[PDB]
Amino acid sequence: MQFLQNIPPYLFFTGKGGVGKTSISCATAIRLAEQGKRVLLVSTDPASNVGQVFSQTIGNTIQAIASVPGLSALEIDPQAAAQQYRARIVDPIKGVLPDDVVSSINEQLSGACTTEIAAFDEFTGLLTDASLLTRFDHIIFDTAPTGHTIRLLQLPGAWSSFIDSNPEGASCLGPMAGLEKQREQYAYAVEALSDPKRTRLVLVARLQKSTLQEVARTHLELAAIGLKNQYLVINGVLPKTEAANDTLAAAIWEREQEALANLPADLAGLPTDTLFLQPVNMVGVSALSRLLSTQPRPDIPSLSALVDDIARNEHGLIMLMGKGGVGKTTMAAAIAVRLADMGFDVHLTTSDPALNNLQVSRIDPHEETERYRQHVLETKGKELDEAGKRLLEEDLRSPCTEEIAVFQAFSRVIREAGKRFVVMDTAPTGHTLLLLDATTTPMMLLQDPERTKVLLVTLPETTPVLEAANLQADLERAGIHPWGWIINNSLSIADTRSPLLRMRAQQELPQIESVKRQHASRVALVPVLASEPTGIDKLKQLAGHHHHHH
């Protein structure tokens, strides 16, 4: 594997939730250890499981992994770091300012942005400690910082300017005032990230058009920033020696082969390695090492049942939520189609390009975001100096900015949810709704269980379910309780003779049980489609069927 050759002292793995960042991190950690190298694996996931895979406990202290000499680990819990980070800002003014005030500021430090900034504070610590390279040859991170976070800390304005405490725009700039290291260390860290002699960035992806799109995006952003030592690792690829008998496995192998060959242009000139889809979720040194080789039904109702229940009231705001790529848009489309075929007036709204009983409102997120950014600039940038304006423009470059702008656009038609059905394929986070509420926002409507039905879409996989769970908890803090969960891309409810797909379908079981037993009131299982759910044809196939009853 090219990504394994000549790794510099700092190695970072980046990619969407569930692509396999941690697995590959551990497997690489082992490979290096067995070569006689001293390796430090840095676990950075919210609910770390690296200790589990290695059959021991790890913590905020560097401890050796007894089950593999040469390797040690360290956990950097991001939720805890965020907590301490927020508390380090608020505790000082606690008792000096009103409670509602300290309460509002605390909320401003409870979003994904504060977490990335606090996580960057930790990365900076490790990256600027030369002594570490005195003890190890390699330091491996199972997540990487975003281009957004790096930009923010490299902006001069972030150091010489300050932005008022308004309701819009700079909403997420609050964390900056929390940095306690000197400006020079953060710049040094970024310097270390941009040095190919010190840091190698590995983009983890899967052979899917949608995912490669995102990865290609990340690559460009991190490169313009200065990280040009990038490697592409395509994980979980299906071996042709499985497309043999079964028809689904053959359709999949085909879908991957097209993409694999039609890789986005930007990723083409990138050194690339592919890993194979393993039978069982790696859990030991043996299983993990096997990953780096060069050679190879649940009792849950169909989407149809969920929709029949959504259909009872005969109207309502239906919002699909979840992480990027889980299938929000497809479920939104599938739901809107079935509801319409049941004879109801349905208004589907989307933020992506794709009978008369159904109307579709397409919104371009790019222009909504710009209308928004433009608005926040006439409002706040008014008295900012140029450096500060750039800081404000980078803050309005946050994920949540688009999220907010698109919701505001949708809100234009939310008033129709009273007479009929309005289905949305994306929504802001709990944190963001709470923020907007303090500012416009139909908060009460979203919180009403009879008017709004929020659905959480996820995958029958560990990380996705975890991230889904956390989204839900955040929404609940905003008084919104998801009405049901949709587990998309399931091999369990799929027709396959392929021995490997069956072994994979069996891996989902504990994840699916998790959702039913601990995360959701209602659940729907959608199959991994043998085709691209692009036509209303295959879109109707996703739903399955629901037997009428009284």
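Residue indices: 1-based, along the sequence shown.
- In at least a third of the other compared PDB entries of this protein that cover both flanking sides, residue 170 is left without coordinates.
- Residue-level annotation: residue 440 lacks coordinates in a third or more of the other entries compared, counting only those that model residues on either side of it.
- According to the entry, the stretch of the deposited sequence that connects residue 296 to residue 297 contains 10 or more residues lacking coordinates, which leaves a long gap in the model.
- The entry shows an unbroken chain from residue 182 to residue 183, with no unmodelled residues of the deposited sequence in between.
- For the pair 115-123 and 260-268, the record assigns the higher mean C-alpha temperature factor to 260-268.
- Looking at mean Cα B-factors across 73-81 and 246-254, the upper value is held by 246-254.
- Residue-level inspection of the entry shows that, of 423, 189, 292, 459, 292 has the top Cα B-factor.
- Listed residues 416, 474, 341, 107 were ranked by CA B-factor as deposited; 416 comes out on top.
- Annotation for residue 198: C-alpha temperature factor in the lowest third relative to the rest of the modelled chain, per the entry.
- Among the modelled residues of its chain, residue 162 has a C-alpha B-factor that falls in the highest third according to the deposited record.
- Per the deposited record, the Cα B-factor of residue 451 falls in the middle third when ranked against the other modelled residues of its chain.
- Residue-level temperature factors show residue 538 in the highest third of its chain, judged at the C-alpha atom.
- For residue 169, the recorded CA B-factor ranks within the highest third of the chain. Only modelled residues enter the ranking.
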